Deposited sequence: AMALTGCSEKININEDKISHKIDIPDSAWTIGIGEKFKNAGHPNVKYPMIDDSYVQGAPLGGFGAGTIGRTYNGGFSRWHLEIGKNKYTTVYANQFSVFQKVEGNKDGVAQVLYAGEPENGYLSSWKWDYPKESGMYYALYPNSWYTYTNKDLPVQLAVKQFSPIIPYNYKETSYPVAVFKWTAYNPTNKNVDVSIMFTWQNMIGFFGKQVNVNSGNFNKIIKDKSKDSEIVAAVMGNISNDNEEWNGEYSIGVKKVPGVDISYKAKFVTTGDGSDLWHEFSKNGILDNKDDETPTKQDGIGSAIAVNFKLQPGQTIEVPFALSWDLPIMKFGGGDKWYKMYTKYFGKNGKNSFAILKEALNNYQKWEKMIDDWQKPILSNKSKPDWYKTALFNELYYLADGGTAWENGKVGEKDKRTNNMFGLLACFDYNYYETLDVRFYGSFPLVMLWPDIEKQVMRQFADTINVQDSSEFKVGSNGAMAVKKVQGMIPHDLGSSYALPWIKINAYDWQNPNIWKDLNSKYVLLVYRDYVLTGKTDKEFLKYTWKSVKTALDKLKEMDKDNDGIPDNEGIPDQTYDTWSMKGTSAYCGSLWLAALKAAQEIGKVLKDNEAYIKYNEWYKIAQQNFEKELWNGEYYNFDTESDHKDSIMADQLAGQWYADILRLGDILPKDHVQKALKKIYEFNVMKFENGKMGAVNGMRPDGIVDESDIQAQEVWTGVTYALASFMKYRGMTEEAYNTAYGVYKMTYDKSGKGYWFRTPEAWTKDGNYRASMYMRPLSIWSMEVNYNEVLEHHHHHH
C-alpha cells in the first residue's frame, strides 16, 4: 500500500478488506419476519430527506433508501467504478470492475467482475468513506474519497441528493502507465413507484458545460415524460476536467444485455466512443458511462473528481400524500435539475471537504479520547441520513414558513419520531442541527390537544382503544406506509395514550432543547409552554394512590413495551421527578409563578415518596409492585441522567446515585458476558439476568450509550468508556457481530439482534455534552 500516503484517512476510520468475508455475523432473534440485509454494508451517500444510497465495502450500490421510509437491499450491478491500466511497452492493458462480486444472471457478463481479495481496503468516518486499490495486476494504485456534504448548522448542502467521488491515482513504478477510471450508472427511473412499463421512455443525454477552467461532462438519465410523480425525475453522473486528463463518454448502453457494447470499448484502451444517443428505451434497461483517461509517469500523482446526483423531487407515502423533498428549495421542484445539483458539487467539493474537516477536527484532535470512541461517535451518525428521513418543502398541489421533519425509529417498526426513542436518539439533532430539533418538538407541541375518538385494536391484548386522547403526547408522528405528520400514533402494539413516560420525556426534551442551545430561546419555551403544563397535569391524574407519582399499571406502559411495570417505577418515577423540576424552571423563565409553585409542590412530595418507596441501600428498585420489583434496571435513574444534562441539579442524593451507577456497572455490565457487550437491562440481586421478559434479557444499544454518558458526567470515567466499549465492539470490531451501519435496538447474550438500523444508539452523542 503506497496510495494511503497520498491521501488523508483518519486513524479512527472503521476499516475492512474489500471482499472480506465476515464469519461471526448476528441475525434476528425473533420469530416474526425481521430485516437482515447481511454485513455487506457501507456508509450512506445522500443528504437529509434526499433519499440515500448505501454503497457497501465491496463497492456495490446496494442499500436503497430512495423511496422515503423504505429499505430495499439489492445490488444494481451496472452502477460501478471500473479501471483500465496499460503499462507502456505491453501489448494489452487490463480492465477490472471495482466490485468484489459478480451479477447473479448473465447481464453484464462481458465485464470483468470479482475484484480479488486482499487487494484493497474500505474506510469509513461518516460522512466520508474511502476505498484503496492495491492490486498486484494494477501497477498504478488508486484511492477514492466519497462523501455527501453533511454539515452541522447547515440546512442547505446537508439536504442535497448528491455524492462526490474524489479519485487519487499514483504511479510507484518505473514505467509510464495509461490509466482510465469509468463511472457507469443505470437509468434508474422506474426502479420504484412504477407498476407497469418500468423502463419505457427512459433516455440519456450528455451535457458538456465548457465554462473557462471548469469543464464538466455529465450524463443525465431521465424520462421523456414531464409528469410530476414520485417515480419521475433524473439521475446524473459526471466528471470535472483537470489538467492531464481527457474525458470520454457513452450515452447509452444496455443494462439488460451482456454489456459488451460498452466493455469492448473500455477494455481495449480505456476510451469510450463519445456517442450521444437520446433514443428512448422501451423494455430494455439502459445506462450511461463517463470515463477519464490519463498517462501517469513514474512518481506522478493526479486527482480527479466525479459526482452523482439524483433529482427525485416527490416523496409519496402509503396513505396517498405526496410531498416535495427539502432540497427542492434550492434547485426547483420539476424533477429536471440533476445536472445543476451535480455541477454545484463538482465546483464546490473542496470547500465541502474543508467544512466537514472543520466540524470533525475538535473531536479528532482531542488526544485524550480513544480512536474507537471516535469511530462510533461519527459512524453512528449514518442513521440521520439512513433512517428513512423525511423533510418536506410543501405538499404537492399546495406555502408555510417551516419544513416538517421526521426520522424513523427503524424500518421494522416504521414509525416517525417515536418520542420514547427520540428521548435517547435526538442528541445529534439538538447538538448539531438544532433548528430541525426544535421544529420536531413544535410538531409534538401541536399534537397535545388533538383528540381522535376512533378506535384501534391493541396488538398485545386484542382490546380496543381510542387512537389519540387530548392532553396525551403521541407515541409517533405516523408511518411511511400511511400519513406522516397527518395521522399520528401509527404504533398499535400498546396503547400509548396510557403510557407513563411519553408526557414526562416530552417536557424533558423541551427543556433540553432550550438548555443545549444556550438558554436563549424564550420563544421556543413560550411556544411549547401550554403543552408542557397540559402534559404534566394529565400525567398527575394517573397517580392512583396519592403518593404524588403516576402509577404504572402492571402492563408495558412505556418504552420497554413488553416489560411490565407496576406501581412507582424507578424509570417512570425518576423521569417524572425530573420533568417536574424542568417545568418549575420553565415557569421561572416565563414568569409563570403559579406554575412554578404547583410543580415545585408536586416535586417535593413525589421526591420524598420516590426515595422512600424505592431506595434499598444499594440501588433503586425496579418498581414497587412487580414480581421482580428488586431487579437492578440499567435505566433506573434515567430522570437523573437528563437532570444532569439540563443542569437541574440533584433530584436524588449524590451518594445514592453513585451507589446505583456502581451497582449497575458491577452487575448489568460486568456480570453480563464479562462486560464486553454493554449493559443488560434487568439483573436480579443474585447476579443472574432477569427472565421476566425478553427486554430484561436484552442490551439496548441506546440505553447503554446514554448510561455511559451518565457515568461520564458523574466522574466514573473508566466505567463509562468500558460500558460504551462493548457496544462499539459488538457493532464494529472483528470480534463483534457485524452491525456496522445498521446498529440495532438490542441484542441478547448470544449476540443476535432485534431491529437493525435503529434510532436509539444516536444517544452516543450524549457523551459529547
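Stretches of the deposited sequence lacking C-alpha coordinates, numbered from 1: 1-15, 414-415, 787-799.
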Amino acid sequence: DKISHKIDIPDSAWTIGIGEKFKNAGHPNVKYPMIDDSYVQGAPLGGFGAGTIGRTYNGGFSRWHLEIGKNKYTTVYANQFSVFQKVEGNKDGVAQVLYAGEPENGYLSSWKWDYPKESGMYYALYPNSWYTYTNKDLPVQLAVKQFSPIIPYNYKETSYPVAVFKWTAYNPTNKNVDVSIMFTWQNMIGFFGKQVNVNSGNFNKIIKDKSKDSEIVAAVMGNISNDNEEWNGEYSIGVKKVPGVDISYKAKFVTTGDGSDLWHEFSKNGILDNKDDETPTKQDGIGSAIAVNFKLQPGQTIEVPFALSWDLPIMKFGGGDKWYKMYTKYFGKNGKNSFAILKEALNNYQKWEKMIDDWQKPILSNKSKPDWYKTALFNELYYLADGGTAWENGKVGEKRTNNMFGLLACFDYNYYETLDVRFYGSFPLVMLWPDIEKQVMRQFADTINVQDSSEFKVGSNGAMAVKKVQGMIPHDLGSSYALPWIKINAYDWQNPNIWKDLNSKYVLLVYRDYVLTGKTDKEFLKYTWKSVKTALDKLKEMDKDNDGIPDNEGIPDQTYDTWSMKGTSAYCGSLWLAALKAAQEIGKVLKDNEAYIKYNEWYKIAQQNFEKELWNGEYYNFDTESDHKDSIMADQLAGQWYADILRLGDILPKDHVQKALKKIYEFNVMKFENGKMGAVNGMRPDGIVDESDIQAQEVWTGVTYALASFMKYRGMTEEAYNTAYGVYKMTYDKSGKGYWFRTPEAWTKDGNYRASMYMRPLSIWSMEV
From here on, numbers count along this sequence of modelled residues.
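When the mean C-alpha temperature factors of 129-137 and 370-378 are read from the deposited coordinates, 129-137 comes out higher. Across the two stretches, 282-290 and 221-229, the PDB entry reports the greater mean Cα temperature factor for 221-229.
In this entry, the residue among 321, 157, 386, 650 with the greatest C-alpha B factor is 650. When the C-alpha B factors of 635, 625, 417, 446 are read from the deposited coordinates, the top value falls at 625.
When the modelled residues of the chain are ordered by C-alpha B-factor, residue 309 sits in the lowest third. In this PDB entry, residue 742 carries a Cα temperature factor that places it within the lowest third of its chain's modelled residues. Compared with the other modelled residues of the chain, the Cα B-factor recorded for residue 18 ranks in the middle third. In this PDB entry, the Cα temperature factor of residue 752 sits in the middle third of its chain's modelled residues.
For residue 65, the recorded CA B-factor ranks within the lowest third of the chain. Only modelled residues enter the ranking.
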